[PDB]
Amino acid sequence: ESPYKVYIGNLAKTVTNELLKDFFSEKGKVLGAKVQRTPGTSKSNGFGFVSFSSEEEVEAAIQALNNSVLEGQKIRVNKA
RNA sequence: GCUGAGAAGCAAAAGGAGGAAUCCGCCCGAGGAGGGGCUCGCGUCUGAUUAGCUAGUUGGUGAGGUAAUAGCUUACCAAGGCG
Ligand SMILES: [Mg+2]
Ligand SMILES: [Mg+2]
Ligand SMILES: [Mg+2]
Ligand SMILES: [Mg+2]
Ligand SMILES: [Mg+2]
């Protein structure tokens, strides 16, 4: 579901999907996490999509998790 | 919106950020406040052993000019203006 999805940009390339999921699991249950990687170089593009089970947890995650520091890097948390 | 009794005629733009939401801008009107331009009453030194001064000068029309009123300009008419 697209309204239940949250785009996270400016993620450090050293950030594992486990830490992203841990910081964004505080706002609610996460149905899925997909990190976007370059097809050719296999390297992390620095952004990912997170599907939450509910839309209330999606909006509560968009509001308070913006500018949040993850591994020494401020990340941009918005809607997909 | 501007010209014009009207008929009509005439006039604008710019993108840059951000992954998107969005932000800072851009053009045309209509207001607000502030900042300037003008006009006028009043007040604003000494000399009479300084007494007459002024002719775009004082007013009128027509054309121009100014962001705007105005001899601001110019031509014509009148002979005023200050003491
Ligand atoms: Mg044109
Ligand atoms: Mg940039
Ligand atoms: Mg862009
Ligand atoms: Mg004094
Ligand atoms: Mg003359």
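Listed as the method for this PDB entry is cryo-EM; the listed resolution is 3.6 Å.

Novice: Sorry, what's going on with the protein's contact with RNA strand B here?
Specialist: Around RNA strand B, the structure places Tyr7, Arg76, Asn78 and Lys79. When the atoms of RNA strand B within 4 Å of the protein are grouped by moiety, sugar and phosphate amount to 30% of the total. Within the side chain of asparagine 78, one N or O atom sits 2.7 Å away from a base oxygen of RNA strand B. Within the backbone of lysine 79, a nitrogen or oxygen atom sits 3.3 Å from a base nitrogen of RNA strand B. If you tally residues by element for the surface near RNA strand B, the top one is strand β6 (residues 76-79), at three residues. The residue inventory of the surface near RNA strand B, partitioned by class, reads one nonpolar, one polar and two charged.

Thresholds, definitions, all that
- Numbers given for residues start from 1 on each chain and follow the written sequence, which can depart from the numbering in the entry; residues without coordinates are excluded.
- A letter from A marks each chain and a number from 1 marks each ligand, given out in the order of writing.
- What appears here is a fragment of a larger assembly, so each number quoted concerns just the fragment shown.
- Computation of side-chain values: all heavy atoms of the structure, hydrogens and water removed.
- Nearness is defined per residue: one heavy atom within 4 Å of the molecule or strand is enough.
- Contacts described as polar in this section are N or O atom pairs within 3.5 Å, which, within protein, must combine one atom able to donate a hydrogen with one able to accept it, while residues neighboring in sequence count only if both atoms come from side chains.
- Per the convention used, a helix needs a DSSP run of H or I reaching at least four residues, while a strand needs a run of E reaching at least two, with both numbered from the N terminus.
- Note that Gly is not counted as nonpolar here; it falls among the polar residues with everything else outside the nonpolar set of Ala, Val, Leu, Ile, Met, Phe, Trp, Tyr, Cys and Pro and the charged set of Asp, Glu, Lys and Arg.

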